[PDB]
Amino acid sequence: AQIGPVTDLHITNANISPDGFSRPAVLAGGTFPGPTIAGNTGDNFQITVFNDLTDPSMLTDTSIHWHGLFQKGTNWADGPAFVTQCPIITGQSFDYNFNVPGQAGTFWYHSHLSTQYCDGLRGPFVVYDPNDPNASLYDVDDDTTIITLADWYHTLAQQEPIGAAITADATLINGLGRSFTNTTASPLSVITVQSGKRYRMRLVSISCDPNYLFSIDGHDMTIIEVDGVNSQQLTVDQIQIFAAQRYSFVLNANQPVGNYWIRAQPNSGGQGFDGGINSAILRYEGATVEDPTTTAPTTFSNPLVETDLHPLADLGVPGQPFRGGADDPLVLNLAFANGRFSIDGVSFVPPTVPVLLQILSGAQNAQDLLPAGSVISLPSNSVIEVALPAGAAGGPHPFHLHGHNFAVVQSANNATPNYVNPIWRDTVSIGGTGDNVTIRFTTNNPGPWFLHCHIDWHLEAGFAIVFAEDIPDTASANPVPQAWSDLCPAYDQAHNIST
Ligand SMILES: *[C@@H]1O[C@H](CO)[C@@H](O[C@@H]2O[C@H](CO)[C@@H](O)[C@H](O)[C@H]2NC(C)=O)[C@H](O)[C@H]1NC(C)=O
Ligand SMILES: *[C@@H]1O[C@H](CO)[C@@H](O[C@@H]2O[C@H](CO)[C@@H](O)[C@H](O)[C@H]2NC(C)=O)[C@H](O)[C@H]1NC(C)=O
Ligand SMILES: [Cu+2]
Ligand SMILES: [Cu+2]
Ligand SMILES: [Cu+2]
Ligand SMILES: [Cu+2]
Ligand code: NA
C-alpha cells in the first residue's frame with residue numbers, strides 16, 4: 001500500500017538480503033526500497049519522521065530530502081543536512097510539513113546526511129494529477145507500475161574511502177537482484193501485465209552512483225514525463241537513466257503472452273546478464289512461471305537522446321537566445337584532484353551551522369556565509385544561466401539543483417544549444433570532455449538551494465555549492481516551526497558541539 005500524504009515514517013536498522021547476501025541497513029518503513037509516499041497535486045504532505053536508529057556504523061542521526069519538490073516557502077523542510085537543517089537525533093521525530101502546488105509527477109525521497117541513503121534510506125514519492133493531460137494514454141497507473149533501479153553494496157557506506165571509485169555488488173530492480181560475484185540464484189522481481197492493457201511505468205533511479213541502460217526485451221517505451229515534467233510522446237527502445245532521474249513511459253502489453261527480460265546495465269560493476277544479474281522479469285498474466293528466454297539486440301536502434309525530448313506544455317526558455325543571455329550568467333569550474341572535488345576552487349565541507357540558520361540569524365551576504373567560498377548569492381526575480389563544463393574525473397556527473405527544475409539548454413555529447421523547446425528537468429548528465437551542458441531557471445523561490453553531483457560518493461568528496469537565492473527575502477518567505485528551531489540545539493547538545 002501507498003502511504004501519505006499525512007503519515008508517520010519510522011527509520012530503523014535491520015538486516016536484509018536483497019541479492020542473497022545479508023547485511024545491516026538503514027530503512028524507511030521496514031523495507032528496501034521504502035514504501036511509496038503519495039498524494040495528489042497541491043496536497044499538504046505531513047511526513048512525521050521517527051528516527052529509531054541505533055547502529056553507529058551507518059550513523060544514528062538522519063535527515064530526509066523530498067527530491068524534486070520545490071519547497072516554496074518551506075525551505076526548512078527540504079532536508080539537506082547543514083544546508084536547511086541540523087539532523088534529527090535518535091529517539092526524536094520531526095514533522096516535514098509542506099505543500100506541492102503546481103507539481104505532479106514521479107519523485108523520490110532519500111536520506112540527505114553523508115552517504116546514508118546508500119545504506120538503504122530511499123523510496124518512491126508520487127504526486128498524481130486527477131486531471132493529468134496524459135491520462136488517456138494508459139489504463140493502469142498505481143503502486144504496481146513503479147519501477148525502481150538501485151545499486152547495492154556489501155560494504156557499509158561509512159567504510160567507503162572518500163573520493164574513491166566505489167563499485168556496487170548488485171543491481172536491484174524493485175528491491176531484488178543478483179550479486180555480481182559469488183552469484184546465487186536468489187529471487188528476481190516480477191512485473192505483471194495483462195495482454196492488451198497499457199501501463200504508466202514510473203521509472204525511478206534511486207542510485208547512489210551508476211547510470212543504467214534500461215530496456216525491456218520485445219517491447220518499446222513511450223516517454224511521457226521527465227523528472228516531473230510532462231513531455232511530448234517519445235518512443236524509444238532503451239533509456240540511459242542517471243542517478244536520481246525519473247521517467248514515465250507507456251508500456252503497451254502488445255507482445256505474445258509470455259516472459260520477457262527487463263534489463264538494467266550499470267556503467268560500472270557487473271557487465272552483462274550471466275546468472276541473471278542486472279535483470280528482472282516482465283510476466284504476462286497466463287504465462288508459465290519460468291524465466292524468460294528472450295535476447296537483447298546487439299545494438300539498440302532507438303535509444304533515448306535527451307535533445308529529442310520536448311515539454312508537453314509550451315514552457316519555452318527564459319532569457320535570450322545565446323550564451324550568457326541571462327540576468328545572471330554563471331560558468332562553474334568543476335574539478336577533481338587527490339580524492340576531492342571542487343566547484344570554483346572550493347571543495348564542499350558541511351558547515352556547523354546550517355546555511356538557512358545562518359541567514360535567519362542575520363548573515364546577509366554570501367561572503368558572510370559558511371562554508372566560505374561555497375555559497376553563491378542569486379538575485380531575486382532574475383534569469384539565471386549555469387554552464388557546467390565536464391572533464392572532472394568520475395563522469396558522467398548527474399548534477400541536481402534543489403528548489404527548482406530547469407531548462408536543459410545544452411545536453412551531453414552535442415555542442416548545439418536549444419533556446420526554443422528543450423526539456424525541463426531537475427537532474428542532468430553533464431557529459432564528457434569538452435561538453436558544455438547548460439541550464440536556465442528564474443529565481444522565484446527564496447532560500448538556500450543545494451547544487452551538487454548526485455553520485456553520493458562525489459557529494460561526500462565535496463562536489464557541491466549552495467545557491468543562496470534571494471537572501472534578503474529568505475526569512476520573511478520561510479517562517480520556521482518551533483520543532484525546526486529545536487533541531488540544532490538538540491543535535492549540538494547530543495554531539496557535544498559548541499555554537
Ligand atoms: C561554456 O559556455 C560558457 C558560456 O555560457 C563559456 O563561458 C565563456 O568563457 C570564456 C572563457 O573561456 C569567457 O571569456 C566568457 O566571459 C564566458 N561567457 C560567455 C562567452 O558568455 C565557456 O567557455 C564554455 N566552456 C566550454 C568548455 O565550452
Ligand atoms: C543536437 O542538439 C540540437 C539542439 O537541441 C538538435 O537540433 C534540433 O534538431 C531538431 C530535430 O531535427 C530540429 O527540429 C531543431 O530545429 C534543431 N535545433 C537547433 C537549435 O539546431 C540536434 O538534433 C541534436 N543532434 C542530434 C544528433 O540529435
Ligand atoms: Cu535526490
Ligand atoms: Cu533534490
Ligand atoms: Cu559526480
Ligand atoms: Cu541534494
Ligand atoms: Na524565451
Side-chain angles (χ1 to χ4, degrees), residues 16-23 25 32-33 118 120 122 147-157 160 164-193 201 203-221 236-243 245 249 251 255-284 287-304 394-396 455 457:
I16 58 168
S17 302
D19 63 348
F21 178 87
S22 183
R23 57 156 287 185
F32 184 80
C118 308
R122 343 181 189 167
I147 305 177
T148 61
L149 304 180
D151 53 339
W152 191 253
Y153 303 80
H154 293 172
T155 298
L156 271 45
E160 306 282 19
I166 282 151
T167 68
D169 294 302
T171 301
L172 308 178
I173 302 171
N174 293 349
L176 296 172
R178 294 177 177 165
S179 61
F180 305 144
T181 62
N182 190 225
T183 309
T184 58
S186 54
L188 297 181
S189 286
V190 181
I191 296 179
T192 302
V193 293
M201 298 293 192
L203 184 63
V204 185
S205 172
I206 65 179
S207 188
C208 264
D209 178 333
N211 70 70
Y212 295 94
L213 299 174
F214 180 83
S215 63
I216 301 172
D217 288 352
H219 294 72
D220 62 16
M221 301 179 281
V236 302
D237 64 351
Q238 186 179 62
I239 294 170
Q240 185 171 26
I241 185 175
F242 301 87
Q245 293 181 333
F249 65 89
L251 185 75
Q255 299 303 295
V257 168
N259 293 290
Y260 297 81
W261 293 115
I262 298 172
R263 295 178 189 284
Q265 165 68 69
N267 59 316
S268 61
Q271 302 298 300
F273 307 94
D274 290 354
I277 67 169
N278 295 329
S279 304
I281 297 174
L282 183 78
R283 180 161 293 142
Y284 283 63
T288 300
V289 175
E290 59 193 358
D291 284 354
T293 60
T294 60
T295 199
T298 56
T299 61
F300 290 82
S301 66
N302 289 285
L304 173 61
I455 295 168
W457 314 115

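Just so you know, residue 1 is the first one in the sequence shown, and it goes up from there.
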Query raised in the report: So, does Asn174 use its side chain to make a donor-acceptor pair with the main chain of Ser189 at under 3.5 Å?
Result: no

Query raised in the report: Going through the distances and angles, do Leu282 and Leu251 end up as a side chain to side chain contact (heavy atoms under 4.5 Å, CB included)?
Result: CA-CA 11 Å; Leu282 183 78; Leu251 185 75; 4.0 Å; yes

Report summary line: CD of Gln238 to CG of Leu304, rounded to nearest 0.5 Å, is 9.5 Å

Query raised in the report: CG of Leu203 to CD of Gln245: how many Å apart, nearest 0.5 Å?
Result: 10.0 Å

Query raised in the report: Could you walk me through whether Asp220 and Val236 pass the side chain to side chain contact (heavy atoms under 4.5 Å, CB included) check?
Result: CA-CA 6 Å; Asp220 62 16; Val236 302; over 6 Å; no

Query raised in the report: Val193 and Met201: which non-hydrogen atoms are nearest, and at how many Å?
Result: CG1-CE, 4.0 Å

Query - Smallest separation among heavy atoms of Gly175 and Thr148, with atom names - result: N-OG1, 4.2 Å

Query raised in the report: Quick one: OG on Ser279 to CG on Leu188, what's the gap to the nearest 0.5 Å?
Result: 6.5 Å

Report task. Could you tell me whether a side-chain N or O of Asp169 sits under 3.5 Å from a main-chain N or O of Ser179, the two making a donor and an acceptor? Result -> no

Query raised in the report: Going from CH2 on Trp152 to CG on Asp19, what distance comes out if it is rounded to the nearest 0.5 angstrom?
Result: 8.5 Å

Requested in this report: Kindly give the heavy-atom pair with the smallest separation between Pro266 and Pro210, and that separation in Å.
Outcome: CB-CB, 3.8 Å

Query raised in the report: Checking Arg283 side chain against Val190 main chain: does a donor-acceptor pair fall under 3.5 Å?
Result: no

Query raised in the report: Nearest heavy-atom pair of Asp209 and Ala243: which atoms, and what distance?
Result: O-CB, 4.1 Å

Query raised in the report: Which heavy atom in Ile206 sits nearest to a heavy atom in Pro33, and how many Å separate them?
Result: CD1-CG, 3.7 Å

Query raised in the report: Is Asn278 reaching over with its side chain to a backbone N or O of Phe273, donor-acceptor style, under 3.5 angstrom?
Result: no

Report summary line: Correct closest heavy-atom pair for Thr183 and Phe180 would be OG1-O, 3.6 Å

Query - Approximate separation, where rounding is to 0.5 Å, of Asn182 CG and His154 NE2 - result: 8.5 Å

Report task. Decide if atom CG of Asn267 counts as having more than 12 heavy atoms of other residues, nucleotides or ligands within a radius under 6.0 Å. Result -> yes

Query raised in the report: Can you tell me if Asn259 uses its side chain to pair, donor with acceptor, with the backbone of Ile281 under 3.5 Å?
Result: no

Query raised in the report: With under 30° as parallel and over 60° as perpendicular, where do the rings of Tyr153 and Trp457 fit, or are they tilted in between?
Result: perpendicular

Report task. Using modelled atom types only, decide if a donor and an acceptor are shared between the side chain of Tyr212 and the backbone of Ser205 within a distance under 3.5 Å. Result -> no

Query raised in the report: Is the backbone of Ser186 close enough, under 3.5 Å, to the side chain of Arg178 for a donor and an acceptor to pair up by distance?
Result: yes

**Report entry** Separation between OH of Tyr260 and CD1 of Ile216, rounded to the nearest 0.5 Å
**Finding:** 11.5 Å

Query raised in the report: Taking the side chain as C-beta and beyond, is there a heavy-atom pair between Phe214 and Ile147 under 4.5 Å?
Result: yes

Anything under 3.5 Å between a donor and an acceptor, one on a side chain of residues 287-297, the other on a protein residue two or more places apart or in another chain? List them.
residue	atom	partner	partner atom	Å
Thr294	OG1	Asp217	OD2	2.6
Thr294	OG1	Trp261	N	3.2

